[PDB]
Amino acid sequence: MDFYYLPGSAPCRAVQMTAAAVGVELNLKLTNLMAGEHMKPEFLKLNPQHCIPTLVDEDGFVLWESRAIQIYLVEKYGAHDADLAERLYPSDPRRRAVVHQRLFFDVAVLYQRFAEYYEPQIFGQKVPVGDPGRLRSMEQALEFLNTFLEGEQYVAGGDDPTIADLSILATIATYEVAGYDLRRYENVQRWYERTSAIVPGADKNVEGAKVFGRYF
């Protein structure tokens, strides 16, 4: 399976942790966005949305959006270990609803506001001073996550990390390298330390996050 990725990219790292958890190797294909490699006719034919991560399965199926890829990996390549797939992606509709909820929270709120705050600080204008509105917004997202983790081990509940934890771990590892003091959010910091110690490929998440950290 061809995996078009960048080590520094959070959504790429979330798929990497998921693939390691289900036990499938990825054919790593580094796609330099700065050299416009995502804009070459070869990549565009595969992915008109020209974004990473992009997964190309051996049957020719092309898939993007990291969280769609996460679910796909569990559903297709996790069947060999029912209990594992169940831990990562519980089949009970109510339990799965919270997992889905947190996945959408990650893309639309937690990672989104992170990007809306730090991308102006490292690209284009490169302003070191962060907009007070964008900071308030991003902190509100951390406030939300902290509340979700109140009296809970993991982001969508349960006794084991789910793919929602893997997605948000990639995201929050990026928060850490960006210089944000996560210790302000005691539940988040506790969860971040817990999850990093136990999930497969977590060391490769910290490793890739540091590559993103070169921008600051």
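The first residue of the shown sequence is 1; numbering continues from there.
Novice: Do the C-alpha atoms of 136-144 or of 121-129 have the higher average B factor in the entry?
Specialist: That would be 121-129.
Novice: Can you tell me which stretch has the higher mean Cα B-factor, 112-120 or 90-98?
Specialist: Higher mean C-alpha B-factor in the PDB entry: 112-120.
Novice: Is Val199 in the lowest, middle or highest third of its chain when residues are ranked by C-alpha B-factor?
Specialist: Tercile = highest for this residue's CA B-factor.
Novice: Determine, from the deposited record, the chain-internal third of the Cα B-factor for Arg190: lowest, middle or highest.
Specialist: Middle third - that is where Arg190 ends up once the chain's C-alpha B-factors are sorted.
Novice: Please place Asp165 in the lowest, middle or highest third of its chain by C-alpha B factor as given in the entry.
Specialist: Within its chain, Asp165 is a lowest-third residue by C-alpha B-factor, going by the deposited values.
Novice: Could you say whether, by C-alpha temperature factor, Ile52 belongs to the lowest, middle or highest third of its chain?
Specialist: Bottom third by C-alpha B-factor.
Novice: State the tercile, meaning the lowest, middle or highest third, of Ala68 with respect to the CA B-factors recorded for its chain.
Specialist: Its C-alpha B-factor, which the entry lists for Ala68, ranks in the lowest third among residues of this chain.
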